[PDB]
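# A look at the structure
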Amino acid sequence: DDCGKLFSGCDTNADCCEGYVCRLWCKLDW
């Protein structure tokens, strides 16, 4: 539910919910 965060790297399971990218950071769709 909580999943990854903004800029929070690129975790496996916590692979930051759909919204941001998986670049250097889990930042917004840059």
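Residues numbered from 1 in each chain as written, not as in the entry; some residues may be left out. Heavy atoms only, no water.

According to the record, the entry carries the title "SOLUTION STRUCTURE OF HPTX2, A TOXIN FROM HETEROPODA VENATORIA SPIDER VENOM THAT BLOCKS KV4.2 POTASSIUM CHANNEL". Its UniProt record gives the protein chain a comment under Function, which states: "Inhibitor of voltage-gated potassium channels of the Kv4/KCND family. Inhibition of Kv4.3/KCND3 and Kv4.2/KCND2 is strongly voltage-dependent, while inhibition of Kv4.1/KCND1 shows less voltage-dependence. Its binding site may be near the potassium channel voltage sensor. Also blocks calcium channels." The UniProt entry for the protein chain carries the following comment under Sequence similarities: "Belongs to the neurotoxin 10 (Hwtx-1) family. 19 (HpTX2) subfamily." (UniProt positions renumbered as here; feature names shortened; annotations may be inferred.)

### Quick notes on the state of the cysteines
Note on terminology: disulfide describes a covalent bond linking the sulfur atoms of two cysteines. Scanning the model with the defined rule gives 3 disulfides in all. Bridging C16 to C26, the disulfide has an S-S length of 2.0 Å. As the torsion about the S-S bond is roughly 95 degrees, the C16-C26 disulfide counts as right-handed. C16 gets classed as buried once you look at its relative accessible area, which sits at 7%. For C26, a relative accessible area of 2% puts it in the buried group. Taken in sequence order, the bonded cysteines of the protein chain link in the pattern 1-4, 2-5, 3-6. (Disulfide = S-S within 2.5 Å. Buried < 20%, exposed > 50% of the residue type's maximum accessible area, 1.4 Å probe, protein only.)

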